[PDB]
$ cat entry_27.txt   # compact mmCIF, C-alpha atoms and all ligand atoms
# COMPACT_ATOMS: atom_id res chain seq x y z
CA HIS A 4 47.80 29.86 119.07
CA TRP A 5 47.29 33.66 118.82
CA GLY A 6 50.40 35.73 118.08
CA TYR A 7 51.60 38.60 115.90
CA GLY A 8 52.78 36.47 112.97
CA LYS A 9 51.19 36.60 109.51
CA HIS A 10 49.21 33.41 110.34
CA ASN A 11 48.06 33.88 113.91
CA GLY A 12 48.23 37.66 113.73
CA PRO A 13 45.49 40.16 114.77
CA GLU A 14 43.61 39.83 111.45
CA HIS A 15 42.84 36.33 112.62
CA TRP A 16 41.91 36.77 116.28
CA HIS A 17 38.22 37.13 115.53
CA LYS A 18 38.04 33.49 114.49
CA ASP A 19 38.77 32.26 118.07
CA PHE A 20 37.76 35.51 119.79
CA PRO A 21 34.56 36.81 118.18
CA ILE A 22 34.56 39.82 120.53
CA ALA A 23 37.46 40.97 118.33
CA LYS A 24 34.77 42.81 116.32
CA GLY A 25 32.82 44.07 119.34
CA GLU A 26 31.61 47.58 120.17
CA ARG A 27 34.44 48.60 122.57
CA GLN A 28 37.91 47.61 121.34
CA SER A 29 40.98 48.54 121.89
CA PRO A 30 43.33 50.21 120.83
CA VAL A 31 41.96 53.27 119.04
CA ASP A 32 43.30 56.37 117.32
CA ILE A 33 43.10 59.46 119.57
CA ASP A 34 41.75 62.31 117.45
CA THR A 35 42.69 65.31 119.61
CA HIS A 36 40.41 67.76 117.79
CA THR A 37 37.31 65.62 118.33
CA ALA A 38 38.20 64.61 121.92
CA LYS A 39 35.88 66.18 124.51
CA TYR A 40 37.35 68.41 127.23
CA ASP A 41 35.47 67.24 130.30
CA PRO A 42 35.90 69.60 133.25
CA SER A 43 34.16 67.17 135.59
CA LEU A 44 37.06 64.76 135.22
CA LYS A 45 39.26 64.60 138.36
CA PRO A 46 43.01 64.40 138.62
CA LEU A 47 44.45 60.87 138.56
CA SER A 48 45.77 59.64 141.92
CA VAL A 49 48.81 57.30 141.58
CA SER A 50 50.15 55.81 144.88
CA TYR A 51 53.02 53.53 143.95
CA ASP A 52 55.20 54.38 146.92
CA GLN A 53 54.44 51.03 148.46
CA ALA A 54 54.76 48.89 145.37
CA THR A 55 56.06 45.33 145.75
CA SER A 56 57.61 43.96 142.56
CA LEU A 57 58.18 40.13 142.55
CA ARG A 58 59.20 38.94 139.15
CA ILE A 59 59.56 39.43 135.47
CA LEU A 60 58.32 36.87 133.01
CA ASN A 61 58.55 36.31 129.25
CA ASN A 62 55.08 34.89 128.47
CA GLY A 63 55.56 34.54 124.73
CA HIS A 64 53.91 37.82 123.54
CA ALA A 65 55.52 40.33 125.88
CA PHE A 66 57.46 40.50 129.21
CA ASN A 67 55.49 41.19 132.39
CA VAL A 68 56.61 42.68 135.71
CA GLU A 69 54.28 41.27 138.40
CA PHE A 70 53.35 43.09 141.55
CA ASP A 71 51.90 41.72 144.81
CA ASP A 72 48.24 42.75 144.80
CA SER A 73 47.24 40.87 147.98
CA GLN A 74 46.70 44.25 149.66
CA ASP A 75 46.20 47.90 148.59
CA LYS A 76 49.94 48.49 148.06
CA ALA A 77 50.22 50.15 144.65
CA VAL A 78 46.91 51.78 143.66
CA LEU A 79 45.21 54.02 141.17
CA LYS A 80 42.09 56.25 141.85
CA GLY A 81 40.55 59.47 140.76
CA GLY A 82 40.41 60.38 137.08
CA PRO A 83 37.23 58.85 135.60
CA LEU A 84 37.34 56.04 138.12
CA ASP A 85 35.18 55.18 141.05
CA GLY A 86 36.83 53.04 143.69
CA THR A 87 40.36 51.74 144.06
CA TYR A 88 42.21 49.85 141.35
CA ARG A 89 45.25 47.73 142.26
CA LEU A 90 48.30 47.40 140.10
CA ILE A 91 48.98 43.74 139.14
CA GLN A 92 51.47 43.99 136.30
CA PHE A 93 53.04 46.23 133.68
CA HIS A 94 54.18 45.17 130.21
CA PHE A 95 55.07 46.86 126.91
CA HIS A 96 54.25 46.72 123.22
CA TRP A 97 57.13 47.80 120.91
CA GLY A 98 58.06 47.71 117.22
CA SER A 99 60.76 46.49 114.87
CA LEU A 100 61.47 50.12 113.96
CA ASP A 101 61.29 53.39 116.00
CA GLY A 102 58.39 54.66 113.85
CA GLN A 103 56.01 51.95 115.19
CA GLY A 104 55.18 50.06 118.36
CA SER A 105 52.50 51.89 120.29
CA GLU A 106 48.94 50.48 120.19
CA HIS A 107 47.08 53.72 120.69
CA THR A 108 47.90 56.46 118.23
CA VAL A 109 47.46 60.21 118.56
CA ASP A 110 46.18 61.94 115.40
CA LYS A 111 47.44 58.85 113.54
CA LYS A 112 50.94 59.24 115.03
CA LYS A 113 52.58 56.09 116.29
CA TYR A 114 55.16 55.97 119.10
CA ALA A 115 58.04 53.40 119.36
CA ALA A 116 56.49 51.69 122.35
CA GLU A 117 53.61 51.62 124.80
CA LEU A 118 53.70 50.90 128.50
CA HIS A 119 50.56 49.44 130.07
CA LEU A 120 50.18 49.47 133.87
CA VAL A 121 47.33 47.02 134.63
CA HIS A 122 44.96 47.56 137.56
CA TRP A 123 41.83 45.76 138.78
CA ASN A 124 38.86 47.08 140.72
CA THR A 125 39.22 45.83 144.31
CA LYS A 127 35.44 45.71 144.92
CA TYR A 128 35.37 42.66 142.72
CA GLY A 129 37.88 40.78 144.97
CA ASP A 130 40.26 39.20 142.46
CA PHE A 131 41.58 39.82 138.96
CA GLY A 132 39.51 36.94 137.65
CA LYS A 133 36.16 38.40 138.73
CA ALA A 134 37.17 41.90 137.63
CA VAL A 135 37.48 40.65 134.03
CA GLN A 136 33.77 39.81 134.10
CA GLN A 137 32.82 43.51 134.83
CA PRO A 138 32.52 46.49 132.51
CA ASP A 139 34.34 48.64 135.07
CA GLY A 140 36.64 45.80 136.07
CA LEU A 141 40.03 47.01 134.86
CA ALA A 142 41.86 50.26 134.47
CA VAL A 143 44.94 50.47 132.30
CA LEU A 144 47.30 53.43 132.45
CA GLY A 145 48.80 53.81 128.94
CA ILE A 146 52.13 55.53 128.43
CA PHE A 147 53.87 56.32 125.15
CA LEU A 148 57.59 55.94 124.72
CA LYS A 149 59.58 57.90 122.12
CA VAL A 150 63.29 57.50 121.28
CA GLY A 151 65.50 60.24 122.72
CA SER A 152 67.48 60.32 125.96
CA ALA A 153 67.76 57.26 128.17
CA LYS A 154 65.31 56.71 131.03
CA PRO A 155 67.22 56.07 134.20
CA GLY A 156 64.19 54.41 135.79
CA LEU A 157 63.91 51.82 133.03
CA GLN A 158 67.48 50.45 133.06
CA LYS A 159 66.95 47.84 135.80
CA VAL A 160 64.38 46.24 133.53
CA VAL A 161 66.58 46.40 130.49
CA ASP A 162 69.51 44.67 132.23
CA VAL A 163 67.48 41.65 133.40
CA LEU A 164 66.14 41.01 129.90
CA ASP A 165 69.15 38.77 129.26
CA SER A 166 67.79 36.33 131.85
CA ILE A 167 64.35 35.87 130.30
CA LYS A 168 65.19 35.79 126.62
CA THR A 169 62.73 32.94 125.85
CA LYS A 170 59.12 32.12 126.56
CA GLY A 171 58.33 30.73 129.99
CA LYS A 172 61.50 32.06 131.63
CA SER A 173 61.16 34.18 134.75
CA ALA A 174 63.61 35.89 137.11
CA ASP A 175 63.17 37.31 140.66
CA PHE A 176 62.48 41.08 140.26
CA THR A 177 62.09 42.75 143.65
CA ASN A 178 62.38 46.33 144.84
CA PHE A 179 61.46 47.72 141.40
CA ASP A 180 59.87 51.18 141.83
CA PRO A 181 57.46 52.01 139.03
CA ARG A 182 57.33 55.76 139.86
CA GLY A 183 60.41 55.79 137.59
CA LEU A 184 58.27 55.18 134.45
CA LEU A 185 55.93 58.11 134.83
CA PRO A 186 55.99 61.27 132.69
CA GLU A 187 56.11 64.60 134.46
CA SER A 188 52.47 65.38 133.71
CA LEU A 189 49.37 63.29 134.39
CA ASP A 190 47.17 64.94 131.71
CA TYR A 191 45.19 62.15 130.02
CA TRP A 192 42.56 60.91 127.63
CA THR A 193 40.00 58.25 128.70
CA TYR A 194 37.53 56.00 126.97
CA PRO A 195 35.78 52.67 127.54
CA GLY A 196 37.79 49.89 125.77
CA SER A 197 39.13 46.35 126.03
CA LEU A 198 42.22 44.28 126.55
CA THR A 199 44.44 44.54 123.42
CA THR A 200 45.24 40.80 123.46
CA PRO A 201 42.93 37.84 123.46
CA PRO A 202 40.66 37.23 125.17
CA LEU A 203 39.98 40.95 124.30
CA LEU A 204 37.43 41.34 127.13
CA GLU A 205 35.67 44.71 127.27
CA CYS A 206 36.13 45.67 130.91
CA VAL A 207 38.77 48.33 130.52
CA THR A 208 38.63 52.05 131.32
CA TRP A 209 41.65 53.35 129.40
CA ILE A 210 43.75 56.25 130.68
CA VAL A 211 46.26 57.32 128.04
CA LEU A 212 48.76 59.89 129.25
CA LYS A 213 49.28 62.89 126.95
CA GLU A 214 52.97 63.19 127.80
CA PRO A 215 55.26 60.56 126.43
CA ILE A 216 58.38 59.25 128.31
CA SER A 217 61.65 59.18 126.34
CA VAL A 218 63.88 56.14 126.37
CA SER A 219 67.17 55.74 124.45
CA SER A 220 67.77 53.80 121.23
CA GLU A 221 69.97 51.26 123.06
CA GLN A 222 67.15 50.83 125.62
CA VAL A 223 64.54 49.91 123.03
CA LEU A 224 67.14 47.78 121.21
CA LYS A 225 67.25 45.37 124.17
CA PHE A 226 63.47 44.85 124.04
CA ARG A 227 63.95 43.72 120.47
CA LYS A 228 66.44 40.98 121.36
CA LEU A 229 63.73 38.97 123.15
CA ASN A 230 62.14 35.85 121.71
CA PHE A 231 58.54 34.81 121.11
CA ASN A 232 59.62 31.20 121.15
CA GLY A 233 60.69 28.93 123.97
CA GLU A 234 64.21 27.64 124.40
CA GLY A 235 65.28 25.01 121.84
CA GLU A 236 62.95 26.35 119.12
CA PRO A 237 63.56 28.46 116.03
CA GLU A 238 64.29 32.06 116.98
CA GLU A 239 61.54 34.54 116.30
CA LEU A 240 62.42 37.98 117.56
CA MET A 241 59.80 39.64 119.82
CA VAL A 242 58.95 42.68 117.71
CA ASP A 243 55.68 44.30 116.57
CA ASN A 244 53.60 42.80 119.44
CA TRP A 245 50.96 45.61 118.98
CA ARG A 246 47.38 45.68 117.69
CA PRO A 247 46.27 48.04 115.01
CA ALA A 248 43.72 50.75 115.90
CA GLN A 249 40.07 49.68 116.05
CA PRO A 250 36.85 51.56 115.16
CA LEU A 251 35.68 53.97 117.80
CA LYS A 252 32.00 53.34 117.00
CA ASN A 253 30.24 56.28 118.64
CA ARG A 254 32.32 56.00 121.84
CA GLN A 255 33.57 59.42 123.01
CA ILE A 256 37.15 60.13 124.07
CA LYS A 257 37.26 62.62 126.92
CA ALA A 258 40.27 64.77 127.74
CA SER A 259 41.28 65.82 131.25
CA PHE A 260 42.78 68.92 129.63
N1 LIG B 1 36.33 30.73 134.06
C1 LIG B 1 36.49 31.03 132.59
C2 LIG B 1 35.23 30.62 131.82
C3 LIG B 1 34.82 29.17 132.13
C4 LIG B 1 33.83 28.88 132.98
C5 LIG B 1 33.50 27.55 133.28
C6 LIG B 1 34.19 26.52 132.60
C7 LIG B 1 35.16 26.80 131.72
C8 LIG B 1 35.50 28.14 131.45
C9 LIG B 1 36.85 32.49 132.42
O1 LIG B 1 35.97 33.32 132.18
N2 LIG B 1 38.32 32.90 132.44
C10 LIG B 1 38.42 34.33 132.16
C11 LIG B 1 39.83 34.67 132.19
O2 LIG B 1 40.02 36.17 132.15
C12 LIG B 1 41.44 36.49 132.28
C13 LIG B 1 41.85 37.49 131.17
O3 LIG B 1 43.27 37.03 130.66
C14 LIG B 1 44.32 37.02 131.44
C15 LIG B 1 45.59 37.54 130.83
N3 LIG B 1 45.40 38.79 130.01
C16 LIG B 1 45.65 40.10 130.72
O4 LIG B 1 45.72 39.80 131.94
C17 LIG B 1 45.80 41.29 130.10
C18 LIG B 1 46.00 42.44 130.84
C19 LIG B 1 46.19 43.63 130.14
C20 LIG B 1 46.14 43.68 128.78
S1 LIG B 1 46.31 45.19 127.97
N4 LIG B 1 47.12 44.87 126.78
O5 LIG B 1 45.09 45.76 127.39
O6 LIG B 1 46.95 46.12 128.84
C21 LIG B 1 45.94 42.54 128.04
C22 LIG B 1 45.77 41.36 128.71
HG HG B 2 34.07 42.75 131.10
ZN ZN B 3 49.19 45.95 126.77
$ encode --input "entry_27.txt" --output "structure tokens" --more "lines below"
Ligand SMILES: N[C@@H](Cc1ccccc1)C(=O)NCCOCCOCCNC(=O)c1ccc(S(N)(=O)=O)cc1
Ligand SMILES: [Hg+2]
Ligand SMILES: [Zn+2]
Amino acid sequence: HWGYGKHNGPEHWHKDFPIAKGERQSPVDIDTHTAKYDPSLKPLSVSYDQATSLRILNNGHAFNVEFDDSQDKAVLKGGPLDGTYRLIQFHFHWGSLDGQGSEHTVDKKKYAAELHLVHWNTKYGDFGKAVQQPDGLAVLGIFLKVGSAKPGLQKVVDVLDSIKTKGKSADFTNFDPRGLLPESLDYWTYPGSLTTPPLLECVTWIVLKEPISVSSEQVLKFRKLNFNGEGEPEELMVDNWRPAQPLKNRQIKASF
């Protein structure tokens, strides 16, 4: 099926997922000179104090940290959003090299990784129904650059040994996501999609201006993961990102 290889790679998604060439994909290049300062845009409201992490899973394209979204425990509001969005999972996109990995680019500049915190609009009742709405999901995008280690990310890094192959999961409780946030909540927002099939166009993207720094040895551990399941040929989990798509008249608004 779909992957990042030269045969099932992004250039091919359109064949099974026609929406691949739609009007509101995901990711895009953020042209900061053409982005519109919108003063009407409110400050983002992140309440992750009550977050309930459960587990970490290698799903064959990335590793996901799942959160209990049975109640308004970890939410997102404000910004360009109306209503409350619940956090369900976070995952990353990284590269083979430090000079690539992020999905979204800023003035053509690519970061070494990209953190996506996924939220769904509670008014729709479940994740499943939210993916059928144009205002269904809200993803908080965070760039990672190589520098100094991120204390808050180490617990994740250390468990990676346990879920090296596809389909493996490990208990992952009491993980506090507040540790992955930059200092500033300045952002860019635009109407987009999911960056992996089924590439559904129900995402409001919120890309933070300020990048978090992680160390070289932190990113290195991401790179030791496998796309494959146990007892199969080893294919290192690298370059699990989608190239920038055409903006097509959409406008990118800045909160700053
Ligand atoms: N019920 C079917 C259709 C149907 C109906 C009747 C009979 C057969 C089929 C249906 O519509 N299923 C829709 C499923 O929608 C779920 C979307 O996929 C789930 C996993 N993908 C994600 O959750 C996901 C989340 C975030 C990102 S990202 N990268 O942009 O941050 C990328 C992906
Ligand atoms: Hg949708
Ligand atoms: Zn993602």
$ residues_around --input "entry_27.txt" --residues "residue A:73" --least-positions-apart "6" --cutoff "12 Å" --atoms "all atoms listed in the file" --output "JSON, numbers by chain"
{"A": [54, 55, 89, 90, 91, 123, 125, 129, 130, 131]}
$ atom_distance --input "entry_27.txt" --atom1 "atom CA of residue A:41" --atom2 "atom CA of residue A:207"
19.2 Å
$ residues_near_ligand --input "entry_27.txt" --ligand "ligand ZN 3 (chain B)" --cutoff "12 Å" --atoms "only C-alpha atoms and all ligand atoms" --output "count of residues only"
41
$ residues_around --input "entry_27.txt" --residues "stretch 25-27 of chain A" --least-positions-apart "2" --cutoff "8 Å" --atoms "all atoms listed in the file" --output "short mmCIF file (atom, residue, chain, number, x, y, z; two decimals) with C-alpha atoms, keeping the file's coordinate frame"
data_model
loop_
_atom_site.label_atom_id
_atom_site.label_comp_id
_atom_site.auth_asym_id
_atom_site.auth_seq_id
_atom_site.Cartn_x
_atom_site.Cartn_y
_atom_site.Cartn_z
CA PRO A 21 34.56 36.81 118.18
CA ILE A 22 34.56 39.82 120.53
CA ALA A 23 37.46 40.97 118.33
CA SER A 29 40.98 48.54 121.89
CA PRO A 195 35.78 52.67 127.54
CA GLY A 196 37.79 49.89 125.77
CA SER A 197 39.13 46.35 126.03
CA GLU A 205 35.67 44.71 127.27
CA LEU A 251 35.68 53.97 117.80
CA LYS A 252 32.00 53.34 117.00
CA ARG A 254 32.32 56.00 121.84
#
$ closest_residue --input "entry_27.txt" --among "A:87, A:217, A:253, A:222" --to "residue A:140" --atoms "only C-alpha atoms"
A:87
$ residues_around --input "entry_27.txt" --residues "stretch 184-193 of chain A" --least-positions-apart "3" --cutoff "7 Å" --atoms "only C-alpha atoms" --output "list in words"
residues 47, 156, 157, 181, 208, 209, 210, 211, 212, 213, 214, 215, 216, 256, 257, 258, 259 and 260 of chain A
$ closest_residue --input "entry_27.txt" --among "A:71, A:85, A:110, A:14" --to "residue A:35" --atoms "all atoms listed in the file"
A:110
$ atom_distance --input "entry_27.txt" --atom1 "atom CA of residue A:170" --atom2 "atom CA of residue A:11"
16.9 Å
$ closest_residue --input "entry_27.txt" --among "A:57, A:204, A:224, A:241" --to "ligand LIG 1 (chain B)" --atoms "all atoms listed in the file"
A:204
$ residues_near_ligand --input "entry_27.txt" --ligand "ligand HG 2 (chain B)" --cutoff "6 Å" --atoms "all atoms listed in the file" --output "list in words"
residues 135, 136, 137, 138, 204, 205 and 206 of chain A
$ residues_around --input "entry_27.txt" --residues "residue A:242" --least-positions-apart "3" --cutoff "9 Å" --atoms "all atoms listed in the file" --output "VMD selection string"
chain A and resid 7 96 to 100 104 226 to 231 239 245
$ atom_distance --input "entry_27.txt" --atom1 "atom CA of residue A:62" --atom2 "atom CA of residue A:4"
12.9 Å
$ closest_residue --input "entry_27.txt" --among "A:133, A:15, A:127, A:111" --to "ligand LIG 1 (chain B)" --atoms "all atoms listed in the file"
A:133
$ axis_aligned_box --input "entry_27.txt" --around "stretch 72-75 of chain A" --padding-each-side "3 Å" --output "AutoDock Vina command-line options"
--center_x 47.2 --center_y 44.4 --center_z 147.2 --size_x 8.0 --size_y 13.0 --size_z 10.9
$ closest_residue --input "entry_27.txt" --among "A:152, A:77, A:28, A:238" --to "ligand LIG 1 (chain B)" --atoms "only C-alpha atoms and all ligand atoms"
A:28
$ decode --input "entry_27.txt" --residues "stretch 66-78 of chain A" --atoms "N, CA, C and O atoms" --output "mmCIF file, in the first residue's frame"
data_model
loop_
_atom_site.group_PDB
_atom_site.id
_atom_site.type_symbol
_atom_site.label_atom_id
_atom_site.label_comp_id
_atom_site.auth_asym_id
_atom_site.auth_seq_id
_atom_site.Cartn_x
_atom_site.Cartn_y
_atom_site.Cartn_z
ATOM 1 N N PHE A 66 5.223 7.034 14.203
ATOM 2 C CA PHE A 66 4.929 6.495 15.578
ATOM 3 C C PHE A 66 3.952 7.549 16.148
ATOM 4 O O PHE A 66 4.102 8.801 15.988
ATOM 5 N N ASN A 67 2.923 6.977 16.756
ATOM 6 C CA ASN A 67 1.821 7.814 17.331
ATOM 7 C C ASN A 67 1.715 7.612 18.871
ATOM 8 O O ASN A 67 1.706 6.510 19.353
ATOM 9 N N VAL A 68 1.534 8.761 19.517
ATOM 10 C CA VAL A 68 1.263 8.790 20.973
ATOM 11 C C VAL A 68 -0.252 9.099 21.047
ATOM 12 O O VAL A 68 -0.662 10.155 20.621
ATOM 13 N N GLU A 69 -0.997 8.167 21.579
ATOM 14 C CA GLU A 69 -2.449 8.272 21.706
ATOM 15 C C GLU A 69 -2.802 8.740 23.084
ATOM 16 O O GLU A 69 -2.228 8.415 24.086
ATOM 17 N N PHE A 70 -3.812 9.616 23.056
ATOM 18 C CA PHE A 70 -4.408 10.284 24.200
ATOM 19 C C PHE A 70 -5.913 9.856 24.328
ATOM 20 O O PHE A 70 -6.562 9.550 23.320
ATOM 21 N N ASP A 71 -6.377 9.838 25.530
ATOM 22 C CA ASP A 71 -7.754 9.494 25.870
ATOM 23 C C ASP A 71 -8.590 10.783 25.543
ATOM 24 O O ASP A 71 -8.312 11.842 26.169
ATOM 25 N N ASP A 72 -9.467 10.610 24.627
ATOM 26 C CA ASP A 72 -10.300 11.743 24.173
ATOM 27 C C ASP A 72 -11.807 11.471 24.429
ATOM 28 O O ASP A 72 -12.635 11.821 23.647
ATOM 29 N N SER A 73 -12.039 10.706 25.512
ATOM 30 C CA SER A 73 -13.392 10.316 25.905
ATOM 31 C C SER A 73 -14.089 11.468 26.609
ATOM 32 O O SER A 73 -15.314 11.451 26.817
ATOM 33 N N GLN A 74 -13.334 12.503 27.013
ATOM 34 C CA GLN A 74 -13.771 13.664 27.706
ATOM 35 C C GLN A 74 -12.798 14.798 27.374
ATOM 36 O O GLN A 74 -11.708 14.542 26.926
ATOM 37 N N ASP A 75 -13.251 16.015 27.567
ATOM 38 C CA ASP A 75 -12.511 17.259 27.290
ATOM 39 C C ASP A 75 -11.275 17.392 28.191
ATOM 40 O O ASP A 75 -11.154 18.415 28.859
ATOM 41 N N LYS A 76 -10.357 16.432 28.133
ATOM 42 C CA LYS A 76 -9.134 16.499 28.925
ATOM 43 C C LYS A 76 -8.005 17.345 28.431
ATOM 44 O O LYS A 76 -7.407 18.055 29.279
ATOM 45 N N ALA A 77 -7.604 17.254 27.233
ATOM 46 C CA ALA A 77 -6.538 17.980 26.570
ATOM 47 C C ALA A 77 -7.206 18.678 25.381
ATOM 48 O O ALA A 77 -7.591 17.924 24.461
ATOM 49 N N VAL A 78 -7.389 19.936 25.462
ATOM 50 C CA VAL A 78 -8.087 20.669 24.356
ATOM 51 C C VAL A 78 -7.317 21.868 23.824
ATOM 52 O O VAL A 78 -6.373 22.459 24.374
#
